[PDB]
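Every residue, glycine among them, receives a Cβ derived from its backbone with ideal geometry; neighbour counts consider all protein chains shown. Every number in this text was worked out from the coordinates using simple rules, so none of it is lab data.
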Amino acid sequence: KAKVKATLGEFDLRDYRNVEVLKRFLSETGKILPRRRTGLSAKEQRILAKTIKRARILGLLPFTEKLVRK
Amino acid sequence: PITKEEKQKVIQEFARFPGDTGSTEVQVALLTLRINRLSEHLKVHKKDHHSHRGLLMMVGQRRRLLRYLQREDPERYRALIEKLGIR
Amino acid sequence: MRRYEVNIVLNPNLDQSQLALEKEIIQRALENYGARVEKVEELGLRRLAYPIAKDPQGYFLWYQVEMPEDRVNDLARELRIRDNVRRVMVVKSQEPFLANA
Amino acid sequence: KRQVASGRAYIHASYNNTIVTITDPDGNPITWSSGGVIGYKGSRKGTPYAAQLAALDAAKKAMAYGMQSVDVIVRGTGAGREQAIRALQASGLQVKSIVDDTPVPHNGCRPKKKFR
RNA sequence: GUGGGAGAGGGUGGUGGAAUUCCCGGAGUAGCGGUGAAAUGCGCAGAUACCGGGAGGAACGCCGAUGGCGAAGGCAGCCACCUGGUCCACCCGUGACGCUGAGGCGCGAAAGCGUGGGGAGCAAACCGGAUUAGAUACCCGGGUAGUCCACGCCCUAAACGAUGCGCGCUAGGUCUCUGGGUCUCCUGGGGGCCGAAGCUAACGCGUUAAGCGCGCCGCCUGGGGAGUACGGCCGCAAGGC
Ligand SMILES: [Mg+2]
Ligand SMILES: [Mg+2]
Ligand SMILES: [Mg+2]
Ligand SMILES: [Mg+2]
Ligand SMILES: [Mg+2]
Ligand SMILES: [Mg+2]
Ligand SMILES: [Mg+2]
Ligand SMILES: [Mg+2]
Ligand SMILES: [Mg+2]
Ligand SMILES: [Mg+2]
Ligand SMILES: [Mg+2]
Ligand SMILES: [Mg+2]
Ligand SMILES: [Mg+2]
Ligand SMILES: [Mg+2]
Ligand SMILES: [Mg+2]
Ligand SMILES: [Mg+2]
Ligand SMILES: [Mg+2]
Ligand SMILES: [Mg+2]
Ligand SMILES: [Mg+2]
Ligand SMILES: [Mg+2]
Ligand SMILES: [Mg+2]
Ligand SMILES: [Mg+2]
Ligand SMILES: [Mg+2]
Ligand SMILES: [Mg+2]
Ligand SMILES: [Mg+2]
Ligand SMILES: [Mg+2]
Ligand SMILES: [Mg+2]
Ligand SMILES: [Mg+2]
Ligand SMILES: [Mg+2]
Ligand SMILES: [Mg+2]
Ligand SMILES: [Mg+2]
Ligand SMILES: [Mg+2]
Ligand SMILES: [Mg+2]
Ligand SMILES: [Mg+2]
Ligand SMILES: [Mg+2]
Ligand SMILES: [Mg+2]
Ligand SMILES: [Mg+2]
Ligand SMILES: [Mg+2]
Ligand SMILES: [Mg+2]
Ligand SMILES: [Mg+2]
């Protein structure tokens, strides 16, 4: 399995209002994916984090979710 | 904060000649502007120490330059002091 | 003055007159604090990822503005007073850092 | 005297005891069980077997109300947590889904000395 | 100077979600909790588990790192305001304006003190339960000061890199954070690991020196007695130098 950035277009890392793109950086649980899966730069990663959290406060993205199967 | 035009006004005011940026006059001027700003900031926010250190360092630099000016050309030193109204 | 973005999330169930009243108060508030309105995006009804004020959904507005800095926080404080306004987030506008470009 | 026939089955597991609660679709409980409910009393309540028997008991008590469709919800980590689900699948009850909801903080509270 | 950059650097205000606890309500029986095993404890005035609602305090999961910032202490949700340090490029300005720094002044984790608040969770002291030859200990159940905020004191530490600050010089290899560049790479500035020369009692250090040099400050002179006595100064006290 490849990474998130690997399959994606040209997208703003600073857009907190864009759900369609951001969601893909989260797991089944609302947790933020590590760099191993996101494949970003540490800089990219930080900006992603901040942005995600912004989206969360706006209710656009989940703070957490529940794990299926198991 | 201090924006570009704010800075430039002072630079133009204190420059010995046109184009002059880094002369002792101008340095002490800008420095003293930052000083005043920081002091007004430390009127409130008395709990901010990390900035107060910066203030100390700035003050020190200013006193260094002034001591230099007074050493070389006492007249210009008197002029600066008179203008800025410090020390 | 600097460049900001005001995100407003209000109650989904407002009808025409109500919503228009709220947007009226918003506009008035913006003008009062001296915010020039450059552009605006109203996304309206969207499905929240978690319930906000017991509501599963929300009404979304976005305002790109230029306004005096010292008046920002107050301008936020004034907006949250409305019961019908659930969320207000003001953010300094920033350049679009890109990736995978 | 209800006849519910569909609902959620919560399994709360710990290293001390494992308990089970059957509930109606909007969350109100119907019947329940635990290691203490059955014969076991002391640490014996922590064994997976106890979890099994508990799941079973609650399952029967659910059959009494005519329960059929069951959505499993798991909380906590403990021996026999999985065993509980195992017995619950073989309970005769048909399990629609299983989810792990185990509460985790965002590090709000300081725990007891033995938890640090 | 101009133009760019990264950051849990600092201060003020606002705000968000998870969880614990408590209160309200629904529904729901016979235990829960806890341990090596147990008991104290809570439960028929209905607990635990489950749903919904509310109150309040404290701390910010994932991101998160072998990472970043700061002079040190230390700094992690998000937003805004106020503000310090710093790095790079351009080679534009002043023209030795430099380095260090006894005393002074300021900062200074935690615990602790004063006055006023606040109090969920944790928890010195303390009250109990079991263990055990015994318990004041290790395990378990409660629990006050305190932990939290404001303001004023306290000045300590394994305050640790057990390595004062600055500058010049002396092979590289590799991982990395952050700039610039004509972007297999090169060039700055940080963070690590191996290792030339060399140093070192050894371990080890090795362009982030413990190498070769220079300047300046602090400190050492066998162990115990002893960071004790006396004196002084600081302190509300504890006590500190
Ligand atoms: Mg038990
Ligand atoms: Mg910060
Ligand atoms: Mg801050
Ligand atoms: Mg109840
Ligand atoms: Mg009993
Ligand atoms: Mg009783
Ligand atoms: Mg009683
Ligand atoms: Mg509840
Ligand atoms: Mg209360
Ligand atoms: Mg971590
Ligand atoms: Mg570190
Ligand atoms: Mg430390
Ligand atoms: Mg800054
Ligand atoms: Mg030149
Ligand atoms: Mg010249
Ligand atoms: Mg010095
Ligand atoms: Mg202190
Ligand atoms: Mg303290
Ligand atoms: Mg006190
Ligand atoms: Mg205790
Ligand atoms: Mg005893
Ligand atoms: Mg005892
Ligand atoms: Mg306790
Ligand atoms: Mg030396
Ligand atoms: Mg290297
Ligand atoms: Mg580059
Ligand atoms: Mg580089
Ligand atoms: Mg030597
Ligand atoms: Mg040797
Ligand atoms: Mg080595
Ligand atoms: Mg050196
Ligand atoms: Mg040596
Ligand atoms: Mg002697
Ligand atoms: Mg001696
Ligand atoms: Mg002493
Ligand atoms: Mg004497
Ligand atoms: Mg004395
Ligand atoms: Mg006295
Ligand atoms: Mg002492
Ligand atoms: Mg001292």
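Okay, here's what the table says:
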{"item": "Any chance D:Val72 is more than 14 Å from chain A (Cβ to nearest Cβ), in contact (Cβ under 8 Å) with a residue 12 or more places away in the chain and not small (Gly, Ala, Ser)", "result": "no"}
{"item": "Residue within the range D:90-98 that is more than 16 Å from ligand 1 (Cβ to nearest atom), within 17 Å of A:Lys70 (Cα to Cα), touching a helix residue (DSSP H, G or I) at 6+ places or on another chain (Cβ under 6 Å) and more than 14 Å from every other protein chain (Cβ to nearest Cβ) present", "result": "no"}
{"item": "Residue match in the range B:34-42 (condition: farther than 30 Å from C:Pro68 by Cβ and among the small types (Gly, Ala, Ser))", "result": "no"}
{"item": "Residue in the range D:55-67 that is outside any loop (DSSP other than H, G, I, E, B), within 11 Å of ligand 1 (Cβ to nearest atom) and either touching a strand residue (DSSP E or B) at 6+ places or on another chain (Cβ under 7 Å) or touching a residue at least 40 places away in the same chain (Cβ under 8 Å) (or both) present", "result": "no"}
{"item": "Enumeration of residues in the range C:68-89 that are of a type in the set (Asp, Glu), in contact (Cβ under 8 Å) with a residue 12 or more places away in the chain and more than 8 Å from RNA strand E (Cβ to nearest atom)", "result": "C:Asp74, C:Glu78"}
{"item": "C:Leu21 closer than 30 Å to B:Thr3 by Cα and in a helix (DSSP H, G or I)", "result": "no"}
{"item": "Where a residue in the range D:102-116 is closer than 14 Å to A:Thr64 by Cβ and its partner, wherever it lies, is part of a loop (DSSP other than H, G, I, E, B), with Cβ under 7 Å and at least six apart", "result": "D:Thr102/D:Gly76; D:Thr102/D:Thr77"}
{"item": "Selection within the range D:27-40 - of a type outside the set (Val, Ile, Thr) and more than 6 Å from RNA strand E (Cβ to nearest atom)", "result": "D:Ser33, D:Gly39, D:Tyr40"}
{"item": "Residues that are farther than 14 Å from A:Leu48 by Cα and more than 16 Å from RNA strand E (Cβ to nearest atom), drawn from the range A:1-19", "result": "A:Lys1, A:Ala2, A:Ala6, A:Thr7, A:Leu8, A:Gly9, A:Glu10"}
{"item": "Meets criteria (within 11 Å of the chain's Cα centre (by Cα), within 14 Å of chain A (Cβ to nearest Cβ) and within 16 Å of ligand 1 (Cβ to nearest atom)) for D:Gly80", "result": "no"}
{"item": "Every pair of residues 6+ apart whose Cβ atoms lie under 9 Å, when the first sits in the range D:11-29 and is within 14 Å of chain A (Cβ to nearest Cβ) while the second is part of a loop (DSSP other than H, G, I, E, B) and within 16 Å of ligand 1 (Cβ to nearest atom)", "result": "D:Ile11/D:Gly76; D:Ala13/D:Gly76; D:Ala13/D:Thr77; D:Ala13/D:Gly78; D:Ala13/D:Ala79; D:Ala13/D:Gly80"}
{"item": "Tally, over the range D:54-69, of residues that are more than 11 Å from the chain's Cα centre (by Cα) and of a type in the set (A, V, I, L, M)", "result": "4"}
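Yes/no matrix, rows are residues, columns are (1) in a helix (DSSP H, G or I); (2) at the interface with chain C (Cβ under 9 Å from one of its Cβ atoms); (3) over 22 Å from C:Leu43 (Cβ atoms):
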{"residue": "A:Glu20", "(1), (2), (3)": "yes, no, no"}
{"residue": "A:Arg24", "(1), (2), (3)": "yes, no, no"}
{"residue": "A:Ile47", "(1), (2), (3)": "yes, yes, yes"}
{"residue": "A:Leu61", "(1), (2), (3)": "no, yes, no"}
{"residue": "A:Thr64", "(1), (2), (3)": "no, yes, yes"}
{"residue": "A:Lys70", "(1), (2), (3)": "no, no, yes"}
